[PDB]
file target29.tsv (TSV, N, CA and C atoms and all ligand atoms)
chain	number	residue	atom	x	y	z
A	627	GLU	N	-110.58	-177.68	47.43
A	627	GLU	CA	-111.20	-178.87	46.86
A	627	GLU	C	-111.38	-178.74	45.35
A	628	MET	N	-110.27	-178.62	44.63
A	628	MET	CA	-110.28	-178.34	43.20
A	628	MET	C	-109.17	-179.15	42.52
A	629	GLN	N	-109.12	-179.05	41.19
A	629	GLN	CA	-108.08	-179.70	40.40
A	629	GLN	C	-106.85	-178.81	40.34
A	630	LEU	N	-105.68	-179.45	40.31
A	630	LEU	CA	-104.42	-178.72	40.38
A	630	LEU	C	-104.14	-177.99	39.08
A	631	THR	N	-104.31	-178.66	37.94
A	631	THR	CA	-103.93	-178.05	36.67
A	631	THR	C	-104.68	-176.76	36.37
A	632	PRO	N	-106.02	-176.69	36.47
A	632	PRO	CA	-106.69	-175.41	36.16
A	632	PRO	C	-106.30	-174.30	37.11
A	633	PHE	N	-105.96	-174.66	38.34
A	633	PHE	CA	-105.52	-173.66	39.31
A	633	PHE	C	-104.16	-173.10	38.93
A	634	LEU	N	-103.23	-173.97	38.50
A	634	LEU	CA	-101.92	-173.46	38.12
A	634	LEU	C	-102.02	-172.62	36.86
A	635	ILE	N	-102.87	-173.04	35.92
A	635	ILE	CA	-103.11	-172.24	34.72
A	635	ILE	C	-103.60	-170.84	35.11
A	636	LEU	N	-104.48	-170.76	36.11
A	636	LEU	CA	-104.99	-169.46	36.55
A	636	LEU	C	-103.89	-168.64	37.20
A	637	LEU	N	-103.04	-169.26	38.03
A	637	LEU	CA	-101.95	-168.49	38.63
A	637	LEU	C	-100.95	-168.02	37.58
A	638	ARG	N	-100.69	-168.85	36.56
A	638	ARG	CA	-99.79	-168.44	35.49
A	638	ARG	C	-100.34	-167.20	34.79
A	639	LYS	N	-101.63	-167.22	34.46
A	639	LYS	CA	-102.26	-166.08	33.81
A	639	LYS	C	-102.26	-164.86	34.72
A	640	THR	N	-102.54	-165.08	36.01
A	640	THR	CA	-102.56	-163.96	36.95
A	640	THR	C	-101.18	-163.35	37.09
A	641	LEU	N	-100.14	-164.19	37.16
A	641	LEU	CA	-98.78	-163.68	37.29
A	641	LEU	C	-98.40	-162.87	36.06
A	642	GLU	N	-98.81	-163.33	34.87
A	642	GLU	CA	-98.55	-162.56	33.66
A	642	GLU	C	-99.25	-161.21	33.72
A	643	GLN	N	-100.47	-161.17	34.27
A	643	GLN	CA	-101.19	-159.89	34.35
A	643	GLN	C	-100.52	-158.95	35.33
A	644	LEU	N	-100.01	-159.49	36.44
A	644	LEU	CA	-99.30	-158.65	37.39
A	644	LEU	C	-98.00	-158.12	36.80
A	645	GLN	N	-97.27	-158.97	36.08
A	645	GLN	CA	-96.05	-158.51	35.44
A	645	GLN	C	-96.34	-157.42	34.42
A	646	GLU	N	-97.50	-157.48	33.76
A	646	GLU	CA	-97.87	-156.44	32.80
A	646	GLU	C	-98.04	-155.08	33.47
A	647	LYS	N	-98.47	-155.07	34.73
A	647	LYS	CA	-98.64	-153.81	35.46
A	647	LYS	C	-97.30	-153.17	35.82
A	648	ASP	N	-96.24	-153.97	35.89
A	648	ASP	CA	-94.89	-153.51	36.21
A	648	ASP	C	-94.22	-153.15	34.88
A	649	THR	N	-94.57	-151.96	34.36
A	649	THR	CA	-94.18	-151.62	33.00
A	649	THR	C	-92.69	-151.37	32.87
A	650	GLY	N	-92.06	-150.86	33.94
A	650	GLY	CA	-90.61	-150.72	33.95
A	650	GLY	C	-89.85	-152.00	34.18
A	651	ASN	N	-90.54	-153.12	34.42
A	651	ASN	CA	-89.91	-154.40	34.74
A	651	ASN	C	-88.96	-154.26	35.93
A	652	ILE	N	-89.26	-153.35	36.86
A	652	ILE	CA	-88.36	-153.18	37.99
A	652	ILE	C	-88.55	-154.27	39.03
A	653	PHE	N	-89.59	-155.09	38.90
A	653	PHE	CA	-89.82	-156.19	39.82
A	653	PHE	C	-89.69	-157.55	39.13
A	654	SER	N	-89.17	-157.58	37.90
A	654	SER	CA	-89.15	-158.81	37.12
A	654	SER	C	-88.08	-159.79	37.59
A	655	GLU	N	-87.00	-159.30	38.17
A	655	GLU	CA	-85.89	-160.12	38.62
A	655	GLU	C	-85.49	-159.70	40.02
A	656	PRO	N	-84.75	-160.54	40.74
A	656	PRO	CA	-84.29	-160.15	42.08
A	656	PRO	C	-83.51	-158.85	42.04
A	657	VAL	N	-83.66	-158.06	43.11
A	657	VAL	CA	-82.86	-156.86	43.29
A	657	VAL	C	-81.40	-157.28	43.23
A	658	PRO	N	-80.59	-156.71	42.32
A	658	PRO	CA	-79.19	-157.15	42.20
A	658	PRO	C	-78.37	-156.78	43.42
A	659	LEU	N	-78.13	-157.75	44.30
A	659	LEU	CA	-77.46	-157.48	45.56
A	659	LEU	C	-76.06	-156.91	45.36
A	660	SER	N	-75.45	-157.12	44.19
A	660	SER	CA	-74.15	-156.53	43.91
A	660	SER	C	-74.25	-155.05	43.55
A	661	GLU	N	-75.40	-154.59	43.05
A	661	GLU	CA	-75.60	-153.18	42.79
A	661	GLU	C	-76.24	-152.45	43.97
A	662	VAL	N	-76.88	-153.19	44.87
A	662	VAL	CA	-77.52	-152.64	46.06
A	662	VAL	C	-76.97	-153.41	47.26
A	663	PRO	N	-75.71	-153.17	47.65
A	663	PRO	CA	-75.06	-154.09	48.61
A	663	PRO	C	-75.69	-154.12	49.99
A	664	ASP	N	-76.48	-153.13	50.38
A	664	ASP	CA	-77.10	-153.10	51.70
A	664	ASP	C	-78.54	-153.61	51.69
A	665	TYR	N	-78.99	-154.18	50.57
A	665	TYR	CA	-80.41	-154.52	50.43
A	665	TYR	C	-80.81	-155.60	51.43
A	666	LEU	N	-80.00	-156.66	51.55
A	666	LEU	CA	-80.31	-157.73	52.50
A	666	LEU	C	-80.07	-157.32	53.95
A	667	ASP	N	-79.42	-156.18	54.19
A	667	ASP	CA	-79.37	-155.66	55.55
A	667	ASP	C	-80.75	-155.21	56.03
A	668	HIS	N	-81.62	-154.84	55.09
A	668	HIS	CA	-82.94	-154.29	55.40
A	668	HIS	C	-84.09	-155.23	55.08
A	669	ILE	N	-83.92	-156.15	54.13
A	669	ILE	CA	-85.02	-156.92	53.56
A	669	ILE	C	-84.87	-158.38	53.98
A	670	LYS	N	-85.80	-158.85	54.81
A	670	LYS	CA	-85.71	-160.20	55.36
A	670	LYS	C	-85.90	-161.27	54.29
A	671	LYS	N	-86.83	-161.07	53.36
A	671	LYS	CA	-87.12	-162.05	52.31
A	671	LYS	C	-87.32	-161.33	50.99
A	672	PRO	N	-86.29	-161.25	50.14
A	672	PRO	CA	-86.48	-160.67	48.81
A	672	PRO	C	-87.49	-161.47	48.01
A	673	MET	N	-88.20	-160.78	47.13
A	673	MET	CA	-89.12	-161.46	46.25
A	673	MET	C	-89.23	-160.66	44.96
A	674	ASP	N	-89.52	-161.37	43.88
A	674	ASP	CA	-89.61	-160.80	42.54
A	674	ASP	C	-90.45	-161.74	41.69
A	675	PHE	N	-90.82	-161.26	40.50
A	675	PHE	CA	-91.73	-162.03	39.65
A	675	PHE	C	-91.07	-163.28	39.08
A	676	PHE	N	-89.77	-163.20	38.75
A	676	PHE	CA	-89.08	-164.39	38.26
A	676	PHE	C	-89.06	-165.48	39.31
A	677	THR	N	-88.75	-165.11	40.56
A	677	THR	CA	-88.79	-166.09	41.64
A	677	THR	C	-90.21	-166.63	41.83
A	678	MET	N	-91.22	-165.77	41.70
A	678	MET	CA	-92.60	-166.26	41.82
A	678	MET	C	-92.92	-167.29	40.75
A	679	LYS	N	-92.41	-167.09	39.54
A	679	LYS	CA	-92.64	-168.07	38.49
A	679	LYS	C	-91.98	-169.40	38.84
A	680	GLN	N	-90.74	-169.36	39.34
A	680	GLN	CA	-90.07	-170.59	39.73
A	680	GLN	C	-90.83	-171.28	40.85
A	681	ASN	N	-91.26	-170.50	41.85
A	681	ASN	CA	-92.06	-171.08	42.93
A	681	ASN	C	-93.35	-171.69	42.38
A	682	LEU	N	-94.02	-170.99	41.46
A	682	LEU	CA	-95.24	-171.51	40.86
A	682	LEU	C	-95.00	-172.89	40.25
A	683	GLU	N	-93.97	-173.00	39.42
A	683	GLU	CA	-93.71	-174.27	38.73
A	683	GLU	C	-93.14	-175.33	39.64
A	684	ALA	N	-92.63	-174.95	40.81
A	684	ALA	CA	-92.19	-175.91	41.81
A	684	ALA	C	-93.33	-176.35	42.73
A	685	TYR	N	-94.56	-175.96	42.41
A	685	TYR	CA	-95.75	-176.31	43.18
A	685	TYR	C	-95.73	-175.72	44.58
A	686	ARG	N	-95.11	-174.55	44.73
A	686	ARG	CA	-95.08	-173.91	46.04
A	686	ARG	C	-96.35	-173.12	46.34
A	687	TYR	N	-97.16	-172.84	45.32
A	687	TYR	CA	-98.40	-172.08	45.48
A	687	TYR	C	-99.57	-173.04	45.22
A	688	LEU	N	-100.17	-173.55	46.29
A	688	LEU	CA	-101.33	-174.42	46.17
A	688	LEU	C	-102.62	-173.76	46.64
A	689	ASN	N	-102.58	-172.50	47.03
A	689	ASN	CA	-103.79	-171.76	47.32
A	689	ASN	C	-103.53	-170.31	46.96
A	690	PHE	N	-104.61	-169.54	46.85
A	690	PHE	CA	-104.42	-168.19	46.37
A	690	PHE	C	-103.65	-167.35	47.38
A	691	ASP	N	-103.83	-167.60	48.68
A	691	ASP	CA	-103.18	-166.76	49.68
A	691	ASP	C	-101.66	-166.87	49.62
A	692	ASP	N	-101.13	-168.05	49.30
A	692	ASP	CA	-99.67	-168.14	49.28
A	692	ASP	C	-99.08	-167.44	48.08
A	693	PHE	N	-99.80	-167.45	46.96
A	693	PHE	CA	-99.39	-166.67	45.79
A	693	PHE	C	-99.43	-165.18	46.08
A	694	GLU	N	-100.55	-164.71	46.64
A	694	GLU	CA	-100.72	-163.30	46.95
A	694	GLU	C	-99.74	-162.84	48.03
A	695	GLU	N	-99.38	-163.71	48.97
A	695	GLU	CA	-98.41	-163.33	50.00
A	695	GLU	C	-97.07	-162.94	49.38
A	696	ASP	N	-96.64	-163.66	48.34
A	696	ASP	CA	-95.36	-163.35	47.72
A	696	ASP	C	-95.45	-162.11	46.85
A	697	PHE	N	-96.59	-161.88	46.21
A	697	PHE	CA	-96.81	-160.61	45.53
A	697	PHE	C	-96.72	-159.46	46.53
A	698	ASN	N	-97.37	-159.63	47.69
A	698	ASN	CA	-97.35	-158.57	48.69
A	698	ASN	C	-95.94	-158.26	49.15
A	699	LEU	N	-95.05	-159.27	49.16
A	699	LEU	CA	-93.65	-159.04	49.53
A	699	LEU	C	-92.95	-158.15	48.52
A	700	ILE	N	-93.20	-158.37	47.22
A	700	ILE	CA	-92.62	-157.51	46.19
A	700	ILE	C	-92.95	-156.06	46.49
A	701	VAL	N	-94.22	-155.80	46.81
A	701	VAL	CA	-94.66	-154.45	47.13
A	701	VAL	C	-94.05	-153.97	48.44
A	702	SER	N	-94.20	-154.75	49.52
A	702	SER	CA	-93.81	-154.25	50.84
A	702	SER	C	-92.30	-154.06	50.94
A	703	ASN	N	-91.52	-154.95	50.32
A	703	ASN	CA	-90.07	-154.78	50.37
A	703	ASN	C	-89.67	-153.47	49.73
A	704	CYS	N	-90.32	-153.13	48.62
A	704	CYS	CA	-89.98	-151.92	47.88
A	704	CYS	C	-90.38	-150.67	48.66
A	705	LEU	N	-91.56	-150.70	49.28
A	705	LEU	CA	-91.98	-149.60	50.14
A	705	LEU	C	-91.01	-149.43	51.31
A	706	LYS	N	-90.57	-150.55	51.89
A	706	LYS	CA	-89.67	-150.46	53.04
A	706	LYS	C	-88.30	-149.92	52.64
A	707	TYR	N	-87.75	-150.40	51.53
A	707	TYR	CA	-86.35	-150.09	51.25
A	707	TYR	C	-86.15	-148.68	50.71
A	708	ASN	N	-87.13	-148.14	49.98
A	708	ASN	CA	-86.93	-146.93	49.19
A	708	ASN	C	-87.61	-145.74	49.86
A	709	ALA	N	-86.98	-144.57	49.78
A	709	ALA	CA	-87.59	-143.37	50.32
A	709	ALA	C	-88.87	-143.02	49.57
A	710	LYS	N	-89.76	-142.28	50.25
A	710	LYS	CA	-91.07	-142.01	49.66
A	710	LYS	C	-90.98	-141.15	48.42
A	711	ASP	N	-89.98	-140.28	48.31
A	711	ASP	CA	-89.95	-139.38	47.17
A	711	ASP	C	-89.29	-139.99	45.94
A	712	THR	N	-89.24	-141.31	45.82
A	712	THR	CA	-88.53	-141.95	44.73
A	712	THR	C	-89.51	-142.58	43.75
A	713	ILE	N	-89.01	-142.79	42.52
A	713	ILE	CA	-89.80	-143.53	41.54
A	713	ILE	C	-90.10	-144.95	42.03
A	714	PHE	N	-89.12	-145.61	42.66
A	714	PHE	CA	-89.34	-146.99	43.11
A	714	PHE	C	-90.49	-147.07	44.10
A	715	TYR	N	-90.50	-146.19	45.10
A	715	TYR	CA	-91.58	-146.21	46.08
A	715	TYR	C	-92.92	-146.01	45.40
A	716	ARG	N	-93.03	-145.00	44.53
A	716	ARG	CA	-94.32	-144.76	43.90
A	716	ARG	C	-94.70	-145.92	42.99
A	717	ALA	N	-93.72	-146.58	42.38
A	717	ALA	CA	-94.03	-147.74	41.53
A	717	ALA	C	-94.63	-148.87	42.36
A	718	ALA	N	-94.16	-149.04	43.60
A	718	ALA	CA	-94.74	-150.09	44.44
A	718	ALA	C	-96.16	-149.72	44.87
A	719	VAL	N	-96.41	-148.45	45.14
A	719	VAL	CA	-97.78	-148.01	45.44
A	719	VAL	C	-98.69	-148.30	44.25
A	720	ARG	N	-98.24	-147.96	43.04
A	720	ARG	CA	-99.05	-148.19	41.85
A	720	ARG	C	-99.28	-149.68	41.65
A	721	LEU	N	-98.25	-150.49	41.87
A	721	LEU	CA	-98.40	-151.93	41.71
A	721	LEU	C	-99.36	-152.50	42.75
A	722	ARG	N	-99.28	-152.00	43.98
A	722	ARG	CA	-100.23	-152.42	45.00
A	722	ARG	C	-101.66	-152.15	44.54
A	723	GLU	N	-101.90	-150.98	43.96
A	723	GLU	CA	-103.24	-150.61	43.55
A	723	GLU	C	-103.67	-151.41	42.33
A	724	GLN	N	-102.86	-151.39	41.28
A	724	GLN	CA	-103.26	-152.07	40.05
A	724	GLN	C	-103.22	-153.59	40.23
A	725	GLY	N	-102.20	-154.08	40.92
A	725	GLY	CA	-102.11	-155.51	41.18
A	725	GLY	C	-103.23	-156.02	42.06
A	726	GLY	N	-103.69	-155.20	43.01
A	726	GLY	CA	-104.75	-155.65	43.91
A	726	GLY	C	-106.03	-155.96	43.16
A	727	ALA	N	-106.33	-155.18	42.12
A	727	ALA	CA	-107.51	-155.43	41.30
A	727	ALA	C	-107.35	-156.70	40.48
A	728	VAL	N	-106.16	-156.92	39.93
A	728	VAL	CA	-105.89	-158.18	39.23
A	728	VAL	C	-106.13	-159.36	40.16
A	729	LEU	N	-105.69	-159.24	41.41
A	729	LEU	CA	-105.77	-160.37	42.33
A	729	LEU	C	-107.20	-160.63	42.79
A	730	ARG	N	-107.97	-159.58	43.04
A	730	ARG	CA	-109.36	-159.78	43.44
A	730	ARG	C	-110.14	-160.53	42.37
A	731	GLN	N	-109.96	-160.15	41.11
A	731	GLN	CA	-110.66	-160.84	40.03
A	731	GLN	C	-110.20	-162.29	39.93
A	732	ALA	N	-108.89	-162.52	40.00
A	732	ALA	CA	-108.39	-163.88	39.88
A	732	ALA	C	-108.86	-164.74	41.05
A	733	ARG	N	-108.93	-164.14	42.24
A	733	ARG	CA	-109.38	-164.90	43.41
A	733	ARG	C	-110.83	-165.32	43.26
A	734	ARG	N	-111.67	-164.45	42.69
A	734	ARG	CA	-113.05	-164.82	42.41
A	734	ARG	C	-113.12	-166.05	41.52
A	735	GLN	N	-112.25	-166.12	40.51
A	735	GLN	CA	-112.29	-167.25	39.60
A	735	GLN	C	-111.76	-168.52	40.25
A	736	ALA	N	-110.80	-168.39	41.18
A	736	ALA	CA	-110.37	-169.55	41.96
A	736	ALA	C	-111.48	-170.06	42.86
A	737	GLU	N	-112.28	-169.14	43.42
A	737	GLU	CA	-113.41	-169.55	44.25
A	737	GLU	C	-114.48	-170.28	43.43
A	738	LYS	N	-114.56	-170.01	42.13
A	738	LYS	CA	-115.46	-170.77	41.26
A	738	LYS	C	-115.02	-172.22	41.08
A	739	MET	N	-113.78	-172.54	41.43
A	739	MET	CA	-113.26	-173.90	41.27
A	739	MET	C	-113.61	-174.77	42.47
B	801	LIG	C1	-80.70	-146.72	45.93
B	801	LIG	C2	-81.40	-148.08	46.00
B	801	LIG	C3	-82.46	-148.20	44.90
B	801	LIG	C4	-81.77	-147.94	43.56
B	801	LIG	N1	-83.17	-149.52	45.04
B	801	LIG	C5	-83.48	-150.41	44.09
B	801	LIG	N2	-82.70	-150.68	43.03
B	801	LIG	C6	-83.07	-151.59	42.12
B	801	LIG	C7	-82.25	-151.83	41.02
B	801	LIG	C8	-82.61	-152.78	40.07
B	801	LIG	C9	-83.80	-153.48	40.23
B	801	LIG	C10	-84.62	-153.23	41.32
B	801	LIG	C11	-84.27	-152.29	42.29
B	801	LIG	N3	-85.01	-151.99	43.38
B	801	LIG	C12	-86.18	-152.44	43.86
B	801	LIG	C13	-87.13	-153.50	43.29
B	801	LIG	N4	-86.45	-151.80	45.00
B	801	LIG	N5	-85.55	-151.02	45.22
B	801	LIG	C14	-84.62	-151.08	44.27

call {"tool": "encode", "arguments": {"input": "target29.tsv", "output": "structure tokens", "more": "lines below"}}
Ligand SMILES: CC[C@@H](C)Nc1nc2ccccc2n2c(C)nnc12
result
Amino acid sequence: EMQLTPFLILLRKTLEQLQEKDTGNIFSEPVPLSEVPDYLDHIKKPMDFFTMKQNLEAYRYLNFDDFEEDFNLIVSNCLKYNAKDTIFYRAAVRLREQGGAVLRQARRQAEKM
């Protein structure tokens, strides 16, 4: 029960904060299926920050849970696809931790709306 514009402004800011936590930009764009040809054999729904931005501006995120669900896919896909002893796997663990704090704060501000 809130206004659409301030909510989208908040998701835009939150998405920028999450992208800032991904310092290697390894989640900024879709996993290049031509460089990882078996990726879609394992990953039911790829997700990345660029796609999240397009979804945001297409009005696909009208509540905080749908935004956070796609962030969680970025993390879970990476944990699933990559072995534990890799930089990619540990980067998804770090993003889960650092991103989770960004999301809790942003969700509090959405609840103020
Ligand atoms: C051996 C498969 C590894 C290299 N997987 C990934 N490669 C990526 C390459 C470019 C951008 C993202 C990539 N990625 C992500 C995200 N999760 N796993 C991989």

call {"tool": "axis_aligned_box", "arguments": {"input": "target29.tsv", "around": "ligand LIG 801 (chain B)", "padding_each_side": "6 Å", "output": "AutoDock Vina command-line options"}}
result
--center_x -83.9 --center_y -150.1 --center_z 43.0 --size_x 18.4 --size_y 18.8 --size_z 17.9

call {"tool": "closest_atom_pairs", "arguments": {"input": "target29.tsv", "of": "chain A", "to": "ligand LIG 801 (chain B)", "cutoff": "7 Å", "atoms": "only N, CA and C atoms and all ligand atoms", "output": "Markdown table"}}
result
| residue | atom | partner | partner_atom | distance |
| --- | --- | --- | --- | --- |
| A:651 | C | B:LIG801 | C9 | 6.8 |
| A:652 | C | B:LIG801 | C13 | 4.6 |
| A:653 | CA | B:LIG801 | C13 | 5.1 |
| A:655 | C | B:LIG801 | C9 | 6.4 |
| A:656 | C | B:LIG801 | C9 | 5.7 |
| A:657 | CA | B:LIG801 | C10 | 4.5 |
| A:658 | N | B:LIG801 | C8 | 5.0 |
| A:661 | C | B:LIG801 | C7 | 6.7 |
| A:662 | CA | B:LIG801 | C2 | 6.0 |
| A:703 | C | B:LIG801 | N4 | 6.0 |
| A:704 | CA | B:LIG801 | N4 | 4.6 |
| A:705 | N | B:LIG801 | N4 | 6.8 |
| A:707 | C | B:LIG801 | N5 | 6.0 |
| A:708 | N | B:LIG801 | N5 | 5.8 |
| A:714 | CA | B:LIG801 | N5 | 5.9 |
| A:715 | N | B:LIG801 | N5 | 6.9 |

call {"tool": "atom_distance", "arguments": {"input": "target29.tsv", "atom1": "atom CA of residue 723 of chain A", "atom2": "atom CA of residue 685 of chain A"}}
result
26.8 Å

call {"tool": "atom_distance", "arguments": {"input": "target29.tsv", "atom1": "atom N of residue 654 of chain A", "atom2": "atom N of residue 739 of chain A"}}
result
29.0 Å

call {"tool": "atom_distance", "arguments": {"input": "target29.tsv", "atom1": "atom N of residue 691 of chain A", "atom2": "atom C of residue 638 of chain A"}}
result
14.3 Å

call {"tool": "select_by_dssp", "arguments": {"input": "target29.tsv", "residues": "segment 648-698 of chain A", "states": "helix (DSSP H, G or I)", "output": "short mmCIF file (atom, residue, chain, number, x, y, z; two decimals) with N, CA and C atoms, keeping the file's coordinate frame"}}
result
data_model
loop_
_atom_site.label_atom_id
_atom_site.label_comp_id
_atom_site.auth_asym_id
_atom_site.auth_seq_id
_atom_site.Cartn_x
_atom_site.Cartn_y
_atom_site.Cartn_z
N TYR A 665 -78.99 -154.18 50.57
CA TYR A 665 -80.41 -154.52 50.43
C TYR A 665 -80.81 -155.60 51.43
N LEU A 666 -80.00 -156.66 51.55
CA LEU A 666 -80.31 -157.73 52.50
C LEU A 666 -80.07 -157.32 53.95
N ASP A 667 -79.42 -156.18 54.19
CA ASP A 667 -79.37 -155.66 55.55
C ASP A 667 -80.75 -155.21 56.03
N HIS A 668 -81.62 -154.84 55.09
CA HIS A 668 -82.94 -154.29 55.40
C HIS A 668 -84.09 -155.23 55.08
N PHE A 675 -90.82 -161.26 40.50
CA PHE A 675 -91.73 -162.03 39.65
C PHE A 675 -91.07 -163.28 39.08
N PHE A 676 -89.77 -163.20 38.75
CA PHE A 676 -89.08 -164.39 38.26
C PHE A 676 -89.06 -165.48 39.31
N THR A 677 -88.75 -165.11 40.56
CA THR A 677 -88.79 -166.09 41.64
C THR A 677 -90.21 -166.63 41.83
N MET A 678 -91.22 -165.77 41.70
CA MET A 678 -92.60 -166.26 41.82
C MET A 678 -92.92 -167.29 40.75
N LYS A 679 -92.41 -167.09 39.54
CA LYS A 679 -92.64 -168.07 38.49
C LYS A 679 -91.98 -169.40 38.84
N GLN A 680 -90.74 -169.36 39.34
CA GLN A 680 -90.07 -170.59 39.73
C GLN A 680 -90.83 -171.28 40.85
N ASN A 681 -91.26 -170.50 41.85
CA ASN A 681 -92.06 -171.08 42.93
C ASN A 681 -93.35 -171.69 42.38
N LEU A 682 -94.02 -170.99 41.46
CA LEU A 682 -95.24 -171.51 40.86
C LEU A 682 -95.00 -172.89 40.25
N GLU A 683 -93.97 -173.00 39.42
CA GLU A 683 -93.71 -174.27 38.73
C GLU A 683 -93.14 -175.33 39.64
N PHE A 690 -104.61 -169.54 46.85
CA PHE A 690 -104.42 -168.19 46.37
C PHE A 690 -103.65 -167.35 47.38
N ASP A 691 -103.83 -167.60 48.68
CA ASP A 691 -103.18 -166.76 49.68
C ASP A 691 -101.66 -166.87 49.62
N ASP A 692 -101.13 -168.05 49.30
CA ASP A 692 -99.67 -168.14 49.28
C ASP A 692 -99.08 -167.44 48.08
N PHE A 693 -99.80 -167.45 46.96
CA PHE A 693 -99.39 -166.67 45.79
C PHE A 693 -99.43 -165.18 46.08
N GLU A 694 -100.55 -164.71 46.64
CA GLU A 694 -100.72 -163.30 46.95
C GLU A 694 -99.74 -162.84 48.03
N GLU A 695 -99.38 -163.71 48.97
CA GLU A 695 -98.41 -163.33 50.00
C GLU A 695 -97.07 -162.94 49.38
N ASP A 696 -96.64 -163.66 48.34
CA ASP A 696 -95.36 -163.35 47.72
C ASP A 696 -95.45 -162.11 46.85
N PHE A 697 -96.59 -161.88 46.21
CA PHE A 697 -96.81 -160.61 45.53
C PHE A 697 -96.72 -159.46 46.53
N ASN A 698 -97.37 -159.63 47.69
CA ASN A 698 -97.35 -158.57 48.69
C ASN A 698 -95.94 -158.26 49.15
#

call {"tool": "decode", "arguments": {"input": "target29.tsv", "residues": "segment 661-674 of chain A", "atoms": "N, CA, C and O atoms", "output": "mmCIF file, in the first residue's frame"}}
result
data_model
loop_
_atom_site.group_PDB
_atom_site.id
_atom_site.type_symbol
_atom_site.label_atom_id
_atom_site.label_comp_id
_atom_site.auth_asym_id
_atom_site.auth_seq_id
_atom_site.Cartn_x
_atom_site.Cartn_y
_atom_site.Cartn_z
ATOM 1 N N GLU A 661 31.047 -19.383 -23.370
ATOM 2 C CA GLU A 661 32.271 -19.727 -22.661
ATOM 3 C C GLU A 661 32.058 -20.816 -21.622
ATOM 4 O O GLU A 661 33.027 -21.456 -21.201
ATOM 5 N N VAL A 662 30.816 -21.029 -21.200
ATOM 6 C CA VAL A 662 30.457 -22.057 -20.227
ATOM 7 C C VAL A 662 29.348 -22.898 -20.849
ATOM 8 O O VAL A 662 28.183 -22.787 -20.438
ATOM 9 N N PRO A 663 29.657 -23.746 -21.837
ATOM 10 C CA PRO A 663 28.590 -24.354 -22.651
ATOM 11 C C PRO A 663 27.657 -25.284 -21.891
ATOM 12 O O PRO A 663 26.561 -25.565 -22.394
ATOM 13 N N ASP A 664 28.043 -25.783 -20.719
ATOM 14 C CA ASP A 664 27.198 -26.689 -19.953
ATOM 15 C C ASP A 664 26.414 -25.981 -18.853
ATOM 16 O O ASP A 664 25.786 -26.648 -18.024
ATOM 17 N N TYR A 665 26.429 -24.648 -18.832
ATOM 18 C CA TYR A 665 25.848 -23.917 -17.710
ATOM 19 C C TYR A 665 24.344 -24.137 -17.622
ATOM 20 O O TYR A 665 23.804 -24.394 -16.537
ATOM 21 N N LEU A 666 23.644 -24.038 -18.756
ATOM 22 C CA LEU A 666 22.203 -24.253 -18.763
ATOM 23 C C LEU A 666 21.823 -25.719 -18.603
ATOM 24 O O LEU A 666 20.642 -26.014 -18.399
ATOM 25 N N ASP A 667 22.781 -26.642 -18.696
ATOM 26 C CA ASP A 667 22.487 -28.024 -18.340
ATOM 27 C C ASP A 667 22.228 -28.162 -16.846
ATOM 28 O O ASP A 667 21.509 -29.075 -16.422
ATOM 29 N N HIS A 668 22.790 -27.259 -16.043
ATOM 30 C CA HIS A 668 22.725 -27.322 -14.588
ATOM 31 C C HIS A 668 21.832 -26.261 -13.962
ATOM 32 O O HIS A 668 21.312 -26.482 -12.866
ATOM 33 N N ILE A 669 21.642 -25.123 -14.623
ATOM 34 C CA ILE A 669 21.035 -23.944 -14.014
ATOM 35 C C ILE A 669 19.684 -23.695 -14.671
ATOM 36 O O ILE A 669 19.614 -23.315 -15.844
ATOM 37 N N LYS A 670 18.610 -23.871 -13.894
ATOM 38 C CA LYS A 670 17.253 -23.762 -14.425
ATOM 39 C C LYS A 670 16.916 -22.331 -14.839
ATOM 40 O O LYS A 670 16.276 -22.116 -15.877
ATOM 41 N N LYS A 671 17.325 -21.341 -14.050
ATOM 42 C CA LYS A 671 17.019 -19.939 -14.337
ATOM 43 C C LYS A 671 18.247 -19.082 -14.059
ATOM 44 O O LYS A 671 18.483 -18.687 -12.905
ATOM 45 N N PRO A 672 19.030 -18.754 -15.086
ATOM 46 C CA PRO A 672 20.158 -17.838 -14.885
ATOM 47 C C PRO A 672 19.671 -16.485 -14.402
ATOM 48 O O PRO A 672 18.563 -16.045 -14.712
ATOM 49 N N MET A 673 20.511 -15.821 -13.619
ATOM 50 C CA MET A 673 20.188 -14.477 -13.185
ATOM 51 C C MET A 673 21.489 -13.723 -12.961
ATOM 52 O O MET A 673 22.533 -14.315 -12.665
ATOM 53 N N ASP A 674 21.413 -12.411 -13.143
ATOM 54 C CA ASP A 674 22.559 -11.521 -13.029
ATOM 55 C C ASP A 674 22.033 -10.119 -12.769
ATOM 56 O O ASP A 674 20.842 -9.852 -12.912
#
